[PDB]
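Raw contents of entry.txt, compact mmCIF, C-alpha atoms:
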```txt
# COMPACT_ATOMS: atom_id res chain seq x y z
CA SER A 82 -17.04 -3.11 12.25
CA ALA A 83 -20.55 -2.09 11.20
CA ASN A 84 -19.37 0.08 8.28
CA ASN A 85 -17.14 -1.75 5.82
CA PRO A 86 -16.17 0.86 3.18
CA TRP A 87 -16.48 -1.66 0.32
CA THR A 88 -19.83 -3.33 0.99
CA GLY A 89 -22.42 -2.20 -1.53
CA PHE A 90 -19.88 -0.41 -3.76
CA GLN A 91 -18.46 -1.27 -7.16
CA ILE A 92 -14.73 -0.62 -7.23
CA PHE A 93 -13.57 1.60 -10.06
CA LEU A 94 -11.07 -0.45 -12.07
CA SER A 95 -7.89 1.44 -12.94
CA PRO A 96 -7.83 2.08 -16.71
CA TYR A 97 -4.05 2.55 -16.45
CA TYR A 98 -3.52 -0.92 -14.96
CA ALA A 99 -6.03 -2.38 -17.41
CA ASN A 100 -4.05 -0.93 -20.32
CA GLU A 101 -0.74 -2.25 -18.96
CA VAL A 102 -2.25 -5.71 -18.44
CA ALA A 103 -3.84 -5.87 -21.90
CA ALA A 104 -0.53 -4.96 -23.55
CA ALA A 105 1.22 -7.53 -21.36
CA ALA A 106 -1.21 -10.29 -22.33
CA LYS A 107 -0.27 -9.64 -25.97
CA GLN A 108 3.45 -10.09 -25.16
CA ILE A 109 3.07 -13.39 -23.27
CA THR A 110 4.16 -16.21 -25.58
CA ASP A 111 1.85 -18.92 -24.22
CA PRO A 112 -1.75 -18.44 -25.44
CA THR A 113 -3.45 -20.08 -22.44
CA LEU A 114 -1.44 -18.03 -19.96
CA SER A 115 -2.65 -15.07 -21.99
CA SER A 116 -6.35 -15.43 -21.13
CA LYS A 117 -5.52 -15.69 -17.41
CA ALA A 118 -3.19 -12.70 -17.75
CA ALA A 119 -5.80 -10.62 -19.58
CA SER A 120 -8.34 -11.30 -16.81
CA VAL A 121 -6.09 -9.45 -14.34
CA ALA A 122 -7.44 -6.18 -15.80
CA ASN A 123 -10.73 -7.00 -14.02
CA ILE A 124 -9.02 -7.21 -10.60
CA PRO A 125 -9.14 -3.94 -8.62
CA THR A 126 -5.88 -2.25 -7.62
CA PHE A 127 -4.92 1.00 -5.90
CA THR A 128 -3.79 4.09 -7.87
CA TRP A 129 -0.58 5.51 -6.40
CA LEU A 130 -0.49 9.30 -6.18
CA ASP A 131 3.30 9.23 -6.04
CA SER A 132 3.73 12.78 -7.37
CA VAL A 133 1.76 15.98 -7.94
CA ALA A 134 1.74 15.01 -11.64
CA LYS A 135 -0.66 12.17 -10.75
CA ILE A 136 -3.29 14.44 -9.15
CA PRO A 137 -5.07 15.21 -12.45
CA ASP A 138 -5.35 11.45 -12.95
CA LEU A 139 -7.22 11.24 -9.64
CA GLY A 140 -9.60 13.89 -10.97
CA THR A 141 -10.26 11.90 -14.14
CA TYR A 142 -10.84 8.70 -12.18
CA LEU A 143 -13.35 10.38 -9.85
CA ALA A 144 -15.26 11.87 -12.78
CA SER A 145 -15.19 8.60 -14.74
CA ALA A 146 -16.33 6.58 -11.74
CA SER A 147 -19.21 9.00 -11.11
CA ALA A 148 -20.46 8.77 -14.69
CA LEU A 149 -20.15 4.98 -14.51
CA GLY A 150 -22.18 5.00 -11.30
CA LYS A 151 -24.92 7.05 -12.93
CA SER A 152 -24.94 4.85 -16.04
CA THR A 153 -25.22 1.59 -14.05
CA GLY A 154 -27.21 2.84 -11.06
CA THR A 155 -24.40 1.92 -8.67
CA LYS A 156 -22.24 3.70 -6.10
CA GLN A 157 -18.57 3.64 -7.16
CA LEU A 158 -15.39 3.52 -5.04
CA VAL A 159 -11.94 4.82 -6.07
CA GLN A 160 -8.84 3.36 -4.39
CA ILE A 161 -5.77 5.58 -3.94
CA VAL A 162 -2.39 5.64 -2.21
CA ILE A 163 -1.11 8.89 -0.70
CA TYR A 164 2.66 8.53 -1.29
CA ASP A 165 4.64 11.77 -1.58
CA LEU A 166 6.20 12.57 1.80
CA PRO A 167 9.25 14.84 1.87
CA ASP A 168 12.41 12.76 2.37
CA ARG A 169 10.30 9.75 1.35
CA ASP A 170 11.48 6.24 2.31
CA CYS A 171 13.97 7.49 4.88
CA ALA A 172 15.63 4.09 5.58
CA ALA A 173 16.21 3.22 1.91
CA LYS A 174 19.64 3.11 0.30
CA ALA A 175 18.85 5.95 -2.12
CA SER A 176 16.57 8.97 -2.05
CA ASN A 177 13.42 9.09 -4.18
CA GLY A 178 10.42 11.36 -4.62
CA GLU A 179 9.97 15.01 -5.57
CA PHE A 180 9.93 16.65 -2.12
CA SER A 181 12.73 17.23 0.37
CA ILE A 182 12.54 18.47 3.94
CA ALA A 183 15.33 20.97 3.24
CA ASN A 184 13.39 22.60 0.34
CA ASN A 185 10.00 23.55 1.80
CA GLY A 186 9.10 19.86 1.74
CA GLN A 187 6.34 19.85 4.33
CA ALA A 188 4.72 22.98 2.83
CA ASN A 189 4.92 21.42 -0.63
CA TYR A 190 3.33 18.27 0.78
CA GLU A 191 0.47 20.29 2.27
CA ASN A 192 -0.15 21.78 -1.15
CA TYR A 193 -0.14 18.25 -2.65
CA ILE A 194 -2.83 17.26 -0.13
CA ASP A 195 -4.77 20.47 -0.81
CA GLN A 196 -4.82 19.66 -4.54
CA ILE A 197 -6.08 16.13 -3.81
CA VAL A 198 -8.79 17.43 -1.46
CA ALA A 199 -9.86 20.00 -4.05
CA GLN A 200 -10.41 17.21 -6.56
CA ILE A 201 -12.29 14.94 -4.13
CA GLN A 202 -14.52 17.83 -3.01
CA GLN A 203 -16.00 18.04 -6.52
CA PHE A 204 -17.24 14.42 -6.69
CA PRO A 205 -19.26 13.69 -3.52
CA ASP A 206 -21.17 10.79 -5.10
CA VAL A 207 -17.92 8.77 -5.37
CA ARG A 208 -16.46 7.03 -2.32
CA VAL A 209 -12.68 7.15 -1.86
CA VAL A 210 -10.48 4.75 0.12
CA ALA A 211 -6.91 5.90 0.71
CA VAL A 212 -3.84 4.09 2.02
CA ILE A 213 -1.74 6.71 3.83
CA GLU A 214 2.01 6.78 3.10
CA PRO A 215 3.56 3.31 2.79
CA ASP A 216 7.06 3.03 4.23
CA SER A 217 6.70 6.08 6.49
CA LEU A 218 5.41 5.77 10.08
CA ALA A 219 6.76 2.24 10.46
CA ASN A 220 10.29 3.69 10.18
CA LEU A 221 9.56 5.85 13.21
CA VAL A 222 9.07 2.71 15.29
CA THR A 223 12.20 0.72 14.43
CA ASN A 224 14.51 2.94 12.37
CA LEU A 225 15.08 6.03 14.52
CA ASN A 226 18.80 5.06 14.42
CA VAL A 227 18.85 5.89 10.69
CA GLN A 228 19.79 9.56 10.73
CA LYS A 229 17.58 10.41 7.74
CA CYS A 230 14.62 8.90 9.63
CA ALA A 231 15.44 10.66 12.90
CA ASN A 232 15.67 13.95 11.02
CA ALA A 233 12.43 13.23 9.13
CA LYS A 234 10.39 12.23 12.19
CA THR A 235 8.68 15.56 12.85
CA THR A 236 7.98 16.10 9.14
CA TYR A 237 6.52 12.63 8.63
CA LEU A 238 4.25 13.09 11.65
CA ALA A 239 3.14 16.60 10.64
CA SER A 240 2.60 15.66 7.00
CA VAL A 241 0.65 12.47 7.74
CA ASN A 242 -1.38 14.50 10.24
CA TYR A 243 -2.19 17.08 7.56
CA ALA A 244 -3.31 14.35 5.16
CA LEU A 245 -5.55 12.65 7.72
CA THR A 246 -7.03 15.91 9.00
CA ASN A 247 -7.87 17.31 5.58
CA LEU A 248 -8.91 14.13 3.75
CA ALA A 249 -11.35 13.51 6.62
CA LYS A 250 -13.11 16.78 5.71
CA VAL A 251 -14.11 15.24 2.37
CA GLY A 252 -15.14 11.89 3.87
CA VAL A 253 -12.25 9.75 2.60
CA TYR A 254 -11.96 6.36 4.31
CA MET A 255 -8.35 6.03 5.42
CA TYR A 256 -6.01 3.21 6.41
CA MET A 257 -2.56 4.29 7.60
CA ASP A 258 0.30 2.10 6.38
CA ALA A 259 1.56 -0.11 9.20
CA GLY A 260 4.30 -2.24 7.68
CA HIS A 261 3.85 -5.99 7.98
CA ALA A 262 4.24 -8.83 10.47
CA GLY A 263 8.02 -8.97 10.00
CA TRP A 264 8.39 -5.25 10.61
CA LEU A 265 5.93 -4.12 13.34
CA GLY A 266 4.46 -7.54 14.19
CA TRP A 267 7.40 -8.67 16.32
CA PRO A 268 5.80 -8.80 19.79
CA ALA A 269 8.28 -6.25 21.13
CA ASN A 270 7.37 -3.74 18.39
CA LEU A 271 3.61 -3.91 18.98
CA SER A 272 3.43 -1.49 21.94
CA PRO A 273 5.58 1.33 20.45
CA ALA A 274 3.67 0.86 17.18
CA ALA A 275 0.35 1.25 18.99
CA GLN A 276 1.65 4.30 20.85
CA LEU A 277 2.64 5.87 17.54
CA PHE A 278 -0.54 5.06 15.60
CA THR A 279 -2.74 6.18 18.49
CA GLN A 280 -0.94 9.53 18.83
CA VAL A 281 -1.36 10.08 15.09
CA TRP A 282 -5.07 9.22 15.32
CA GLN A 283 -5.50 11.58 18.30
CA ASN A 284 -3.70 14.45 16.58
CA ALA A 285 -6.05 14.11 13.59
CA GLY A 286 -9.10 14.36 15.86
CA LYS A 287 -10.01 10.66 16.06
CA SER A 288 -12.12 11.10 12.91
CA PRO A 289 -14.36 8.07 12.22
CA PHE A 290 -13.02 8.19 8.66
CA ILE A 291 -9.63 7.06 10.03
CA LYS A 292 -10.67 3.43 9.91
CA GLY A 293 -7.41 1.77 10.85
CA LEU A 294 -4.30 0.38 9.23
CA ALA A 295 -3.07 -1.20 5.99
CA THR A 296 -0.56 -4.04 6.14
CA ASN A 297 1.72 -5.97 3.77
CA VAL A 298 1.61 -3.17 1.13
CA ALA A 299 3.83 -4.15 -1.82
CA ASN A 300 5.15 -7.04 0.33
CA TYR A 301 4.81 -10.82 0.23
CA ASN A 302 3.65 -12.18 3.59
CA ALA A 303 0.85 -14.68 3.91
CA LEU A 304 -2.40 -13.55 5.45
CA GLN A 305 -2.73 -17.04 6.96
CA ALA A 306 0.09 -19.59 6.75
CA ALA A 307 -0.26 -23.24 7.71
CA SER A 308 3.49 -23.38 8.34
CA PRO A 309 5.80 -20.46 9.19
CA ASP A 310 8.09 -19.26 6.44
CA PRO A 311 11.68 -19.91 7.65
CA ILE A 312 12.42 -16.18 7.35
CA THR A 313 10.13 -15.64 10.37
CA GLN A 314 12.15 -17.58 12.96
CA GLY A 315 12.02 -15.84 16.31
CA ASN A 316 8.70 -14.07 15.63
CA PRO A 317 5.51 -15.88 16.74
CA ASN A 318 3.57 -13.48 14.51
CA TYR A 319 4.64 -15.13 11.27
CA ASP A 320 1.74 -13.96 9.08
CA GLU A 321 -0.52 -10.95 8.80
CA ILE A 322 -3.44 -12.46 10.74
CA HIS A 323 -1.19 -13.04 13.76
CA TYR A 324 0.14 -9.47 13.53
CA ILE A 325 -3.33 -7.93 13.21
CA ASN A 326 -4.81 -10.11 15.99
CA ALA A 327 -2.03 -8.91 18.28
CA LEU A 328 -2.08 -5.20 17.36
CA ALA A 329 -5.83 -4.55 17.11
CA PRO A 330 -6.60 -4.92 20.86
CA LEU A 331 -3.92 -2.37 21.72
CA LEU A 332 -5.62 0.18 19.47
CA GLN A 333 -9.03 -0.75 20.91
CA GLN A 334 -7.80 0.06 24.42
CA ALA A 335 -7.14 3.65 23.31
CA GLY A 336 -10.72 4.06 22.08
CA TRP A 337 -9.88 3.31 18.43
CA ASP A 338 -11.79 0.20 17.32
CA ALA A 339 -9.49 -0.03 14.34
CA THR A 340 -9.98 -2.25 11.31
CA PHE A 341 -7.47 -3.33 8.70
CA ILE A 342 -6.82 -4.02 5.05
CA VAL A 343 -4.14 -6.45 3.85
CA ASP A 344 -2.33 -6.41 0.51
CA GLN A 345 -2.16 -9.92 -0.99
CA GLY A 346 -1.34 -8.97 -4.59
CA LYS A 347 2.18 -10.46 -4.44
CA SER A 348 1.54 -13.09 -1.74
CA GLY A 349 0.51 -16.14 -3.79
CA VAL A 350 3.91 -17.82 -3.31
CA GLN A 351 5.40 -18.20 0.16
CA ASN A 352 8.92 -19.27 1.15
CA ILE A 353 10.67 -17.25 -1.57
CA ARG A 354 12.87 -14.91 0.52
CA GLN A 355 16.29 -15.44 2.07
CA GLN A 356 15.75 -12.75 4.72
CA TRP A 357 12.45 -11.26 5.84
CA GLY A 358 13.57 -7.71 5.09
CA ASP A 359 14.25 -8.41 1.39
CA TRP A 360 11.50 -6.36 -0.26
CA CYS A 361 12.50 -5.57 -3.85
CA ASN A 362 11.12 -7.54 -6.81
CA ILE A 363 11.36 -10.89 -5.03
CA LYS A 364 11.87 -13.70 -7.55
CA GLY A 365 9.06 -16.17 -7.98
CA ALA A 366 6.28 -14.05 -6.53
CA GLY A 367 2.78 -14.98 -7.65
CA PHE A 368 -0.48 -13.08 -7.60
CA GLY A 369 -2.28 -13.90 -4.34
CA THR A 370 -5.85 -13.90 -3.06
CA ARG A 371 -7.99 -11.56 -5.10
CA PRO A 372 -9.52 -8.55 -3.32
CA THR A 373 -12.51 -9.48 -1.18
CA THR A 374 -14.32 -8.52 2.00
CA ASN A 375 -14.58 -12.26 2.77
CA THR A 376 -11.48 -12.02 4.91
CA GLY A 377 -12.13 -14.41 7.80
CA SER A 378 -11.13 -11.90 10.51
CA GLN A 379 -13.19 -9.60 12.70
CA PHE A 380 -10.44 -7.02 12.29
CA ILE A 381 -10.00 -7.14 8.52
CA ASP A 382 -12.37 -5.19 6.25
CA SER A 383 -10.77 -6.34 3.00
CA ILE A 384 -8.02 -8.21 1.28
CA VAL A 385 -6.76 -5.70 -1.31
CA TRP A 386 -4.18 -5.33 -4.11
CA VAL A 387 -2.45 -2.09 -3.15
CA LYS A 388 0.77 -2.48 -5.12
CA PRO A 389 -0.11 -2.95 -8.83
CA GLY A 390 1.63 -6.27 -9.43
CA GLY A 391 3.80 -6.13 -12.52
CA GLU A 392 5.05 -2.61 -11.86
CA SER A 393 8.66 -2.68 -10.67
CA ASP A 394 9.57 -2.05 -7.03
CA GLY A 395 12.84 -0.42 -8.11
CA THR A 396 15.71 -0.61 -10.55
CA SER A 397 18.56 -3.10 -10.34
CA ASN A 398 20.74 -0.77 -12.46
CA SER A 399 23.56 0.34 -10.17
CA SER A 400 24.23 3.27 -12.54
CA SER A 401 20.77 4.76 -11.92
CA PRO A 402 20.66 7.54 -9.30
CA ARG A 403 17.65 5.66 -7.88
CA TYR A 404 19.64 2.48 -7.20
CA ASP A 405 18.99 0.64 -3.93
CA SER A 406 21.19 -2.45 -3.53
CA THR A 407 18.25 -4.38 -2.06
CA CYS A 408 17.09 -4.63 -5.69
CA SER A 409 20.27 -6.64 -6.52
CA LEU A 410 20.14 -9.21 -3.67
CA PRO A 411 20.34 -12.92 -4.67
CA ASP A 412 16.50 -13.15 -4.41
CA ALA A 413 15.62 -10.01 -6.41
CA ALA A 414 14.58 -10.46 -10.04
CA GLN A 415 17.16 -8.82 -12.33
CA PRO A 416 17.52 -6.87 -14.47
CA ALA A 417 14.66 -4.70 -13.14
CA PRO A 418 13.50 -1.29 -14.44
CA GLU A 419 12.67 1.88 -12.53
CA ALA A 420 10.04 1.80 -9.81
CA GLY A 421 6.48 1.97 -11.04
CA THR A 422 7.29 1.07 -14.65
CA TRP A 423 6.10 -2.16 -16.24
CA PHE A 424 8.21 -5.28 -15.59
CA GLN A 425 6.89 -7.76 -18.16
CA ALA A 426 8.92 -10.79 -17.07
CA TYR A 427 7.84 -10.30 -13.46
CA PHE A 428 4.16 -10.02 -14.44
CA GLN A 429 4.39 -13.22 -16.47
CA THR A 430 5.62 -15.09 -13.39
CA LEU A 431 2.96 -13.47 -11.18
CA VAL A 432 0.38 -14.96 -13.57
CA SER A 433 1.98 -18.40 -13.94
CA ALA A 434 2.56 -18.68 -10.20
CA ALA A 435 -0.75 -17.09 -9.22
CA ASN A 436 -2.29 -18.84 -6.22
CA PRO A 437 -5.26 -19.31 -6.27
CA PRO A 438 -4.80 -19.89 -10.00
CA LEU A 439 -6.32 -17.24 -12.22
```
If you took the structure in this file and wrote it as structure tokens, what would it be?
Amino acid sequence: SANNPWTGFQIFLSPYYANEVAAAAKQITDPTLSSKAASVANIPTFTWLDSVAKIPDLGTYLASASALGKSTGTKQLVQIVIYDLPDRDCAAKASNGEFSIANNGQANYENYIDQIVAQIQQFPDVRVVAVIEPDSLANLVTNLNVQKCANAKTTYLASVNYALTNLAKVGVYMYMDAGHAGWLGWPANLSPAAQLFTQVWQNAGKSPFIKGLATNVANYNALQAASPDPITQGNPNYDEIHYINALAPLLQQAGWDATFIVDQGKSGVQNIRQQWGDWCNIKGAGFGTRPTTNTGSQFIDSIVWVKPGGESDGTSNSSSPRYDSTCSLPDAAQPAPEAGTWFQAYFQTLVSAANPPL
């Protein structure tokens, strides 16, 4: 499109990720791997607002970015993930997250959004890009047979709508999570996906700030693959570019000239999964293409690092109440700590296996 949210902006670099990376570079036993590892702190990632407790961090990042913009004469951009739906991750093998549908969950979620908006409202000289609710809407395409998803459908739709409607009022550029090629990119899933995303866009008033969709968040697919990963057999859309090329025209037909962002943080190494749906801490993952607007696709505004690579996808401890057996499959790195916490051994492999090399 004409307006790429990133062009002309300096991304604010997460100080939290930078601190994790610096401490990790100290713990890596090879010295030459260490310089490459340390340089990861200069690579922009998204900050996940995975609880109300993270909202004050958003406020600090906005204020810090603004001051940095004034010091350097630049316009700064803060990258966030909205990730706190009630009954979050409805098709997972355990519950997670602070809000539940049964306990005022939607109303609590609205207040979470209100608190985020109230922060953003105070810092109008900082641009914000938000990924809206990974692992949410995509379940309402393919997983309506999971009873938790069926019973969450109206709440997911209302809560995502509230986020889009109210973040638009403060000019946040938004990309709604849309799974990946192996989830919604199957040709047969493209039409019901478009019907869903278009209805969501319509309900939120078709705001121009609703730019489009985010794909491959926290996942491992190639953007462009010279040969299909064997996990993809049966799906002609074997990488993210095929998925996006196929979905974008369906959105266009509804009057939404949608653009896309693609996570490549954990995509440096292909052909590592037994089954396409295996998502948790896949062994051998490497850091992929660094964030850039030089994407090679009319539809794609940016390659991004949405998941902060090195932070666990979930625990492999079957005694934890947060245990999802996906995190113990033969292709999941084990033992793995709780989601979001630092996974040093996994980071070290992301660095060593980074492609392009760091």
Practice problem: Could you check which of A:423, A:93, A:337, A:357 is closest to residue 141 of chain A, using all atoms listed in the file? | Solution: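 Under the stated criterion, the closest residue is A:93.
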Quiz item: If you measure from atom CA of residue 201 of chain A to atom CA of residue 129 of chain A, what distance in Å do you get, rounded to one decimal?
Solution: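 Atom CA of residue 129 of chain A lies at a distance of 15.2 Å from atom CA of residue 201 of chain A.
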Quiz item: atom CA of residue 275 of chain A and atom CA of residue 231 of chain A, how far apart in Å?
Solution: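 Separating atom CA of residue 231 of chain A from atom CA of residue 275 of chain A is a distance of 18.8 Å.
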Self-check item: Which of A:376, A:425, A:334, A:279 sits closest to residue 102 of chain A [using all atoms listed in the file]
Solution: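 Of A:376, A:425, A:334, A:279, the one nearest residue 102 of chain A is A:425, counting all atoms listed in the file.
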Quiz item: Could you pull the residues within 7 Å of residue 390 of chain A, counting all atoms listed in the file, minus those fewer than 5 positions along the same chain, as JSON, numbers by chain?
Solution: {"A": [346, 347, 428]}
Quiz prompt | Residue nearest residue 185 of chain A among A:296, A:433, A:236, A:348 (counting only C-alpha atoms) | solution = A:236
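Using all atoms listed in the file, the shortest contact distance between residue 85 of chain A and any of A:408, A:330, A:339, A:420 is found at A:339.
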Exercise. Find the residues around residue 437 of chain A up to 12 Å (only C-alpha atoms counted), leave out those fewer than 6 positions away in its own chain, and share them as a PyMOL selection string.
Key: chain A and resi 117+345-350+367-372+431
Practice problem: May I ask for the distance between atom CA of residue 304 of chain A and atom CA of residue 360 of chain A, given in Å to one decimal place? | Solution: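 Rounded to one decimal, the two atoms are 16.7 Å apart.
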Interface rows for segment 87-185 of chain A against segment 243-254 of chain A: nearest pair, Å to one decimal, 12 Å, all atoms listed in the file, as a tab-separated table:
```
residue	atom	partner	partner_atom	distance
A:87	CA	A:254	CA	10.0
A:158	CA	A:253	CA	10.3
A:159	CA	A:253	CA	10.0
A:160	CA	A:254	CA	9.7
A:161	CA	A:253	CA	10.1
A:162	CA	A:244	CA	11.4
A:163	CA	A:244	CA	8.3
A:164	CA	A:244	CA	10.5
A:165	CA	A:244	CA	10.7
A:166	CA	A:244	CA	10.2
```
Could you save those same residues with C-alpha atoms as a compact mmCIF listing (two decimals), in the coordinates of the input?
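Ended up saving to result20.txt:
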```txt
# COMPACT_ATOMS: atom_id res chain seq x y z
CA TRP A 87 -16.48 -1.66 0.32
CA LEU A 158 -15.39 3.52 -5.04
CA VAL A 159 -11.94 4.82 -6.07
CA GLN A 160 -8.84 3.36 -4.39
CA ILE A 161 -5.77 5.58 -3.94
CA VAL A 162 -2.39 5.64 -2.21
CA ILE A 163 -1.11 8.89 -0.70
CA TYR A 164 2.66 8.53 -1.29
CA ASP A 165 4.64 11.77 -1.58
CA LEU A 166 6.20 12.57 1.80
```
Practice problem: Please identify all polymer residues within 12 Å of segment 144-150 of chain A, counting all atoms listed in the file, omitting same-chain residues fewer than 4 positions from it, and present them as a ChimeraX atom specification. | Solution: /A:90-96,137-140,154-160,200-209
Quiz prompt | For residue 116 of chain A: contacts at 12 Å, all atoms listed in the file, fewer than 4 positions along chain excluded, given as a list in words | solution = residues 102, 103, 105, 106, 107, 108, 109, 110, 111, 112, 120, 121, 122, 123, 429, 432, 433 and 439 of chain A
Quiz prompt | A:278, A:267, A:142, A:193 ranked by distance to residue 221 of chain A, top pick (using all atoms listed in the file) | solution =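 The shortest atom-to-atom distance to residue 221 of chain A comes from A:278.
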Segment 228-247 of chain A rebuilt with N, CA, C and O atoms, output as a PDB file, in the frame of the given file:
```pdb
ATOM      1  N   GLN A 228      19.818   8.122  10.527  1.00  0.00           N
ATOM      2  CA  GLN A 228      19.790   9.560  10.730  1.00  0.00           C
ATOM      3  C   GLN A 228      18.763  10.244   9.840  1.00  0.00           C
ATOM      4  O   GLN A 228      18.088  11.170  10.297  1.00  0.00           O
ATOM      5  N   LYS A 229      18.593   9.796   8.593  1.00  0.00           N
ATOM      6  CA  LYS A 229      17.580  10.410   7.740  1.00  0.00           C
ATOM      7  C   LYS A 229      16.181  10.244   8.345  1.00  0.00           C
ATOM      8  O   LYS A 229      15.340  11.147   8.232  1.00  0.00           O
ATOM      9  N   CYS A 230      15.915   9.098   8.986  1.00  0.00           N
ATOM     10  CA  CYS A 230      14.620   8.900   9.630  1.00  0.00           C
ATOM     11  C   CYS A 230      14.468   9.760  10.881  1.00  0.00           C
ATOM     12  O   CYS A 230      13.408  10.362  11.097  1.00  0.00           O
ATOM     13  N   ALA A 231      15.496   9.793  11.736  1.00  0.00           N
ATOM     14  CA  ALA A 231      15.440  10.660  12.900  1.00  0.00           C
ATOM     15  C   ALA A 231      15.174  12.098  12.484  1.00  0.00           C
ATOM     16  O   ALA A 231      14.348  12.788  13.091  1.00  0.00           O
ATOM     17  N   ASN A 232      15.840  12.564  11.435  1.00  0.00           N
ATOM     18  CA  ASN A 232      15.670  13.950  11.020  1.00  0.00           C
ATOM     19  C   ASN A 232      14.379  14.178  10.252  1.00  0.00           C
ATOM     20  O   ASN A 232      13.972  15.330  10.089  1.00  0.00           O
ATOM     21  N   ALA A 233      13.723  13.116   9.785  1.00  0.00           N
ATOM     22  CA  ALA A 233      12.430  13.230   9.130  1.00  0.00           C
ATOM     23  C   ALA A 233      11.250  13.056  10.068  1.00  0.00           C
ATOM     24  O   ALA A 233      10.115  13.327   9.654  1.00  0.00           O
ATOM     25  N   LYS A 234      11.482  12.623  11.310  1.00  0.00           N
ATOM     26  CA  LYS A 234      10.390  12.230  12.190  1.00  0.00           C
ATOM     27  C   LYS A 234       9.316  13.311  12.298  1.00  0.00           C
ATOM     28  O   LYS A 234       8.128  13.048  12.081  1.00  0.00           O
ATOM     29  N   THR A 235       9.708  14.536  12.648  1.00  0.00           N
ATOM     30  CA  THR A 235       8.680  15.560  12.850  1.00  0.00           C
ATOM     31  C   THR A 235       7.943  15.879  11.561  1.00  0.00           C
ATOM     32  O   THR A 235       6.738  16.150  11.600  1.00  0.00           O
ATOM     33  N   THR A 236       8.632  15.824  10.416  1.00  0.00           N
ATOM     34  CA  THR A 236       7.980  16.100   9.140  1.00  0.00           C
ATOM     35  C   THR A 236       7.018  14.987   8.756  1.00  0.00           C
ATOM     36  O   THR A 236       5.895  15.254   8.298  1.00  0.00           O
ATOM     37  N   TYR A 237       7.434  13.728   8.925  1.00  0.00           N
ATOM     38  CA  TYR A 237       6.520  12.630   8.630  1.00  0.00           C
ATOM     39  C   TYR A 237       5.255  12.749   9.468  1.00  0.00           C
ATOM     40  O   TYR A 237       4.139  12.597   8.960  1.00  0.00           O
ATOM     41  N   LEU A 238       5.412  13.001  10.772  1.00  0.00           N
ATOM     42  CA  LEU A 238       4.250  13.090  11.650  1.00  0.00           C
ATOM     43  C   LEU A 238       3.354  14.263  11.260  1.00  0.00           C
ATOM     44  O   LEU A 238       2.125  14.126  11.206  1.00  0.00           O
ATOM     45  N   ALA A 239       3.950  15.427  10.974  1.00  0.00           N
ATOM     46  CA  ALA A 239       3.140  16.600  10.640  1.00  0.00           C
ATOM     47  C   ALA A 239       2.447  16.411   9.295  1.00  0.00           C
ATOM     48  O   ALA A 239       1.299  16.844   9.104  1.00  0.00           O
ATOM     49  N   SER A 240       3.151  15.812   8.337  1.00  0.00           N
ATOM     50  CA  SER A 240       2.600  15.660   7.000  1.00  0.00           C
ATOM     51  C   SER A 240       1.492  14.614   6.977  1.00  0.00           C
ATOM     52  O   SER A 240       0.416  14.854   6.411  1.00  0.00           O
ATOM     53  N   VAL A 241       1.723  13.455   7.607  1.00  0.00           N
ATOM     54  CA  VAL A 241       0.650  12.470   7.740  1.00  0.00           C
ATOM     55  C   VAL A 241      -0.539  13.078   8.469  1.00  0.00           C
ATOM     56  O   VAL A 241      -1.695  12.889   8.063  1.00  0.00           O
ATOM     57  N   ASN A 242      -0.282  13.849   9.532  1.00  0.00           N
ATOM     58  CA  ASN A 242      -1.380  14.500  10.240  1.00  0.00           C
ATOM     59  C   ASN A 242      -2.185  15.404   9.312  1.00  0.00           C
ATOM     60  O   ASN A 242      -3.422  15.422   9.369  1.00  0.00           O
ATOM     61  N   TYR A 243      -1.497  16.183   8.472  1.00  0.00           N
ATOM     62  CA  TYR A 243      -2.190  17.080   7.560  1.00  0.00           C
ATOM     63  C   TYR A 243      -3.070  16.304   6.590  1.00  0.00           C
ATOM     64  O   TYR A 243      -4.210  16.702   6.306  1.00  0.00           O
ATOM     65  N   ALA A 244      -2.542  15.201   6.057  1.00  0.00           N
ATOM     66  CA  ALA A 244      -3.310  14.350   5.160  1.00  0.00           C
ATOM     67  C   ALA A 244      -4.553  13.802   5.842  1.00  0.00           C
ATOM     68  O   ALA A 244      -5.657  13.886   5.294  1.00  0.00           O
ATOM     69  N   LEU A 245      -4.399  13.228   7.034  1.00  0.00           N
ATOM     70  CA  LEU A 245      -5.550  12.650   7.720  1.00  0.00           C
ATOM     71  C   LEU A 245      -6.594  13.721   8.024  1.00  0.00           C
ATOM     72  O   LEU A 245      -7.799  13.522   7.827  1.00  0.00           O
ATOM     73  N   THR A 246      -6.133  14.852   8.557  1.00  0.00           N
ATOM     74  CA  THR A 246      -7.030  15.910   9.000  1.00  0.00           C
ATOM     75  C   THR A 246      -7.852  16.452   7.844  1.00  0.00           C
ATOM     76  O   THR A 246      -9.063  16.689   7.975  1.00  0.00           O
ATOM     77  N   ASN A 247      -7.202  16.663   6.698  1.00  0.00           N
ATOM     78  CA  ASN A 247      -7.870  17.310   5.580  1.00  0.00           C
ATOM     79  C   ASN A 247      -8.624  16.341   4.672  1.00  0.00           C
ATOM     80  O   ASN A 247      -9.699  16.697   4.175  1.00  0.00           O
TER      81      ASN A 247
END
```
